[PDB]
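Heads up, the thing below is written out as structure tokens.
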């Protein structure tokens, strides 16, 4: 089997991408944030505290003839940005782009943190990291991909995120028309439950490539590119007037600037992020100070190849017995 679904930016900045997901019978379609940095499929629901729902579409398990309460199971998650959610668990039929999993754990939120409530465009998350990170207790549950894998034509999914435009998540096949050149595959460590890999270096604009190992995670659920402070300083030094602002929370730059590209290495291959992809717009409405799309990871504990990086590539998440990642230009 295969599946293919379009993913759409939630706003004009590409702050996140939403993908329609069919849950239950008859189908209830929710727009979920596919997140290769986490491993829970959770949704706003008829059980979510009413004051914490503000415009999201909800899953109502009592209206699904295939929903079954997973007795005694609860979940609770906290994300790197400080947001969180928790609740109980159903199993139900879940379909993405024509690919169907029966008995998928659907984690129904009873509580969500304010950042979720305040984003009416995201109805929940669909985790695509390794199932070892799933938070369901006392019986950990599998991700949608883990459940589908054995049925897929090939045990892979691909992320093809658009810049200021829709893109595609495919399951079970490589669309060889969706990229240029070849796909360069690189080793993955699953020891932390992430799609963790080592970039071979970077360049700023037309500058020389610096060969240096940068361990990080491929994370579709993180907007920006978070890299070591040395690398980030070297990038922003090429933008007149750019500076790190403690009060804003990162590097800012004059909105009048033209940003240089940023290249990262994948083995001997190179992925070029155009400068425009690094502009996240005014820090507040009407400001002439703009927020940068490359930020320091120093306070995180891990480097994160988020959407800024991934949207410059066609990315293969190869879930074979020994997982690997593939990157191609497009």
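Because the Cβ atoms are built from the backbone with ideal geometry, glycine has one as well, and the counts that use them run over all protein chains shown. Readers should treat all values here as calculations from the given coordinates under stated rules, not as data from a laboratory.
Extension gain for residue 173 to residue 50 (0.36 nm times residue separation, less C-alpha to C-alpha distance): 40.3 nm. Derived from the Cα gyration tensor, the three semi-axes of the equivalent ellipsoid of the stretch 148-254 are 31, 17, 16 Å, largest first.
For the pair the stretch 130-190 / the stretch 289-330, the C-alpha centres are spaced 13 Å from each other. Dividing the C-alpha radius of gyration of the chain by 2.2 N^0.38 Å, with N its residue count, gives 0.98. Distance between the modelled labels on residue 240 and residue 285, one decimal in nanometres: 3.2 nm (7 Å Cα→Cβ projection). Across the stretch 5-174, the fraction of Cα-Cα pairs farther apart than 30 Å, rounded to a whole number, is 9%. Computed over the Cα atoms of the stretch 175-330, pair by distinct pair, the Kirkwood hydrodynamic radius stands at 16.0 angstrom.
Modelled spin-label separation between residue 256 and residue 69, with each label point placed 7 Å from Cα along the Cα-to-Cβ direction: 6.3 nm. Just to be sure I understand: with springs between alpha-carbon atoms less than 10 Å apart, which residue in 46, 108, 62 has the highest mean-square fluctuation in the Gaussian network model of the chain? In this elastic network of the chain, the residue with the biggest mean-square fluctuation among 46, 108, 62 is 62. Put in line by how crowded their Cβ is, counting other Cβ atoms within 10 Å and starting with the fewest, 245, 297 read 245, 297. Overall, the anisotropy analysis places the stretch 100-176 in the oblate class: the square-rooted eigenvalues a ≥ b ≥ c of its C-alpha gyration tensor yield a/c not less than 1.5, with a/b not exceeding b/c. Just checking the listed ones, 212, 200, 177: in the Gaussian network model of the chain with Cα springs under 10 Å, the one fluctuating most is 177.
Taking N as the residue count of the stretch 1-99, its C-alpha radius of gyration divided by 2.2 N^0.38 Å amounts to 1.12.
Packing, as the average of other Cβ atoms within 10 Å across residues, places the peptides 69-77, 189-197 in the order 189-197, 69-77, highest first. FRET efficiency for the residue 110 to residue 212 pair, using the beta carbon distance and R₀ = 41 Å, is estimated at 0.35.
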